[PDB]
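Input: a single structure, listed below in structure tokens.
Read-outs: derived from the displayed coordinates by stated rules, not from any lab. Positions of Cβ are backbone-derived with ideal geometry, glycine not excepted, and every protein chain shown enters the neighbour counts.
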Amino acid sequence: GXXXXXXXXXXXXX
Amino acid sequence: XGXXXXXXXXXXXXX
Amino acid sequence: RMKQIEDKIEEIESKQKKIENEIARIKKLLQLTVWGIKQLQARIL
Amino acid sequence: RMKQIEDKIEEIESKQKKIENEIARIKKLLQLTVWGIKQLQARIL
Amino acid sequence: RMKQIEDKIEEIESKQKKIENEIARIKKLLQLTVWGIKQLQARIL
């Protein structure tokens, strides 16, 4: 479930 | 809530 | 032919009502997030 | 029948435009909130 | 007249499908901003 990471993923990729 | 909140954010206005 | 039209209008009108209800709920949640941003910024500044 | 249908369509179209306008407004404000969150995150990290 | 009505219905339905998809997109992004705000608050507090 979820994921994300990467400093916020640039806002979940938009 | 035209106010309310409190309680550490009230779980985001209760959704 | 007009029956199929009157039926489609019924389906469109109820769908439009669903859309209006969803947009009202999105607006409330957006108002909440704007409020939360204001609180976070006020706290750090 | 046909004029009754034509009037309902006109009313539907006008509500549709209002909805489109509201969606546009929502999207602009959601974009600002995304931006505000981006600024807050960087500042507190 | 029935044809003109049918064409208008086709345009309305197409726009409704577009609006429905945009609502779904808005909700997903809005959910992300709520989650972001929760993360920021927990750090600030």
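Brief remarks on what is shown
- Pairs with Cβ under 8 Å, 6+ apart, first in the range E:29-45 and closer than 16 Å to C:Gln41 by Cβ, second polar (S, T, N, Q) and outside any helix (DSSP H, G or I): none
- Scan of the range D:21-36 for residues that are under 18 Å from C:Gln16 (Cα atoms) and surrounded by 14 or more Cβ atoms within 10 Å (Cβ to Cβ), ordered by number: D:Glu22, D:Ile23, D:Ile26
- Residue list for the range C:1-10, filter: in contact with a helix residue (DSSP H, G or I) (Cβ under 9 Å, 6 or more places away or on another chain) and part of a helix (DSSP H, G or I): C:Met2, C:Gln4, C:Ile5, C:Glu6, C:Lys8, C:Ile9
- Here E:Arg1 meets each of (1) charged (D, E, K, R); (2) within 8 Å of another protein chain (Cβ to nearest Cβ); (3) more than 14 Å from D:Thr33 (Cα to Cα); (4) surrounded by 12 or more Cβ atoms within 10 Å (Cβ to Cβ) with one exception, condition (4).
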